[PDB]
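Just one chain follows, in the form deposited in one PDB entry, and it is written as structure tokens.
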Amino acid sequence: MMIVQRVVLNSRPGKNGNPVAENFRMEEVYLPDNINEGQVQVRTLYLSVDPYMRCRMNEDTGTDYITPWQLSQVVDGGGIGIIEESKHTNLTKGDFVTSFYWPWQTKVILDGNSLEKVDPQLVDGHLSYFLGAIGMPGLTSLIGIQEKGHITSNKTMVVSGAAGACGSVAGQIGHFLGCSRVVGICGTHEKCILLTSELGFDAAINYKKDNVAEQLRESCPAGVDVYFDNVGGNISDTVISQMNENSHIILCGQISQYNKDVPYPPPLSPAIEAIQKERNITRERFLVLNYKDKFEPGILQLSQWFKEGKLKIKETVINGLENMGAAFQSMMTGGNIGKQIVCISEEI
């Protein structure tokens, strides 16, 4: 048997704690030499890190559709790989495949029925895009905007988490689908420049260093019609206060709250909820997995926009399975521009 590397959950940060690289531990394990009928042996190429993973580090995730990671057991998440051996009738050696529950391990034996075969032509061979802009975050942005944005209209969109995986795509799609103005809120001036100089955002606001309320008044002079919310907390309170009658909050995530012992989705404060109700602002829970029937058209559209040169795809790649923990910590504290990716093998 050959020896491979895996990542297991080492320790929990606590419900109110910050996640750190040391919450994960690398181990070496044997990979069995044979696979059974219906299984495939896959070489892991890229793995995702994602904000939802924070709740998987707690003993109770607080959400009925996410299971907690278990101490000393292999971690899992979005991944893409290449089939090395197959005893599944619909998969063969050399196929590229994806799973939402890919073990954090360099080579894996999986049930073939749990994988989706993907076409590398859709990403011009850049496979890591299947974990970002031509993957779940891209789909979340496109389907979120389509289903919850009510964009036809010379509307103004605000995007929080604007320079992240979802946000960087959302702001571009807002322009593609008819917003006249798209304004981004993010955590660094470097990110602000990216948004306006490369991604076509009309304005960018650094929430750490800028006065968010007054910058939104200057950059959104006609108020806010659509809010693509990745962050929640005080930032969302500030945006909501400038939202128009009959506007829409695309409630994508609330990452400002993930290191706190509070339920998801978190309620708005009494003052901000009052504004929401008075202005008839809609704020419905959005779960991209409720729209799996739209993933095909979504991916095909994201791909087409990419290939046309319209959709600009940004990512931050760290190399090596040993860096999964560091990549997660980095993403959670804003180290990533666009999608955080970990490259697990050589790009061939």
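Numbering starts at 1 and runs along the sequence shown. Just so we're on the same page, rigid core means the largest C-alpha set that superposes within 1.5 Å between forms.
In what follows, reference is made to the form deposited in another entry, a form of this protein that is not presented.
Just a single entry of 296, 37, 28, 284 exceeds or equals a 2 Å CA shift between this form and the one not shown, which is 37 (rigid core superposed). The Cα shift for residue 248 between this form and the one not shown, taken after rigid core superposition, is smaller than 2 angstroms. After superposition on the rigid core, displacement of the C-alpha of residue 89 between this form and the one not shown amounts to 2 Å or more.
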